[PDB]
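Structure 1 and structure 2 below are two forms of the same protein chain, each written out on its own as structure tokens.
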Structure 1
């Protein structure tokens, strides 16, 4: 039976060096550029000798994820103020993804990453609502609202940065250039919800940081409303 990288003890070179060097490549070149042969060259080592520490590309990615999650700066305990605690975790996750853009898209597996940094972060996040009388699956559903918002926002933010390096058209410029088509769509009268969105939305005109915070505040109100009903 193939053994989890987390159950697979590691014996000049080390697993951590290999992982950190891989991360440094992916940060600027993407995860596909962080091949073993590339990471080997970065460490002045022979490629075959890397496999002794990290048996596969798949395992390298999983190690890379857990390694970076270790960079977040969370207190030991979430404390009683769940809003502040989730805001703190939200801001840290956003900053982490923007430092490591590949996090938004590198993971195409189903299985979760059960390395020590991810488990430690999960304690903090799951613990934020431990002071309400929730069943586990109620808890996990509310935390899914939180993760859903943060990851969707930042995945899109990192999509725009990626897209703009290809096209040199960023979000603001994209909205400017799409205006004549948007008007054509509104004037057709076929998309009245869309027309309402365009006429009335505020979010796209704020900077990214206040747009993130303003969505977070609404997200947290949505969790608070559910808490009112579940644990009254």
Structure 2
């Protein structure tokens, strides 16, 4: 079924994945097509298929590969708050570095490659110490993973949009001002209007915001532990 059960038989899987990552970073996941990645290696297009069954598969391999960039200690430590914060910050760093992770990862089956499993051991590890049911642990970590991914999924959404359309967030908001006005005036959308200033140009910036929400989230996990 999966690619971690389907091992490969210069040109190698490891070399194709690392090239696909390089194209994806440099020119966006849409550029990392079989021909372009093969061109990058000097290979024939279909030569890649000897090492990688399908493109869906190549992307899963791409996903695990980049996760391996994570700089994480072996043991999480006793400061679960600090541990989860670090894991969170490294993931955000990663995603910003590889914006295509939000698009590429189709979200069905979990990725059980080595790098993902290492990363997940660390996260699941932080709360393993405490006396909680398996299903409570998964819930609490789901809430954690949720906050981080969602926040970062938006951050990276704008980034990728900016690449494709050469129109960044300040610029998009600027050009929507007129229509926003119409919406505000319509009177049919009070809340939208109350919240527009902060939506267009936020008081505090992404780093500050990511931290606050994380801080709150961890606080609630703490409450759940008691």
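Numbering follows the first chain given and starts at 1. For clarity, a rigid core is taken as the largest C-alpha set superposing within 1.5 Å between two forms.
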Check: At the hinge of the rigid-body rearrangement between structure 1 and structure 2: which of 156, 137, 76, 143?
Finding: 156
Next item on the list: Calculate, from C-alpha superpositions, the turn of the smaller rigid part against the larger part between structure 1 and structure 2, rounded to whole degrees.
Entry: 17
Next item on the list: Can you read me the CA shift for residue 24 between structure 1 and structure 2, rigid core superposed, in Å?
Entry: 1.3
Checklist line | Shift in Å of the C-alpha at residue 92 between structure 1 and structure 2 after core superposition | finding: 0.3
Checklist line | residue 195 CA shift between structure 1 and structure 2 in angstrom, with the core used for superposition | finding: 6.5
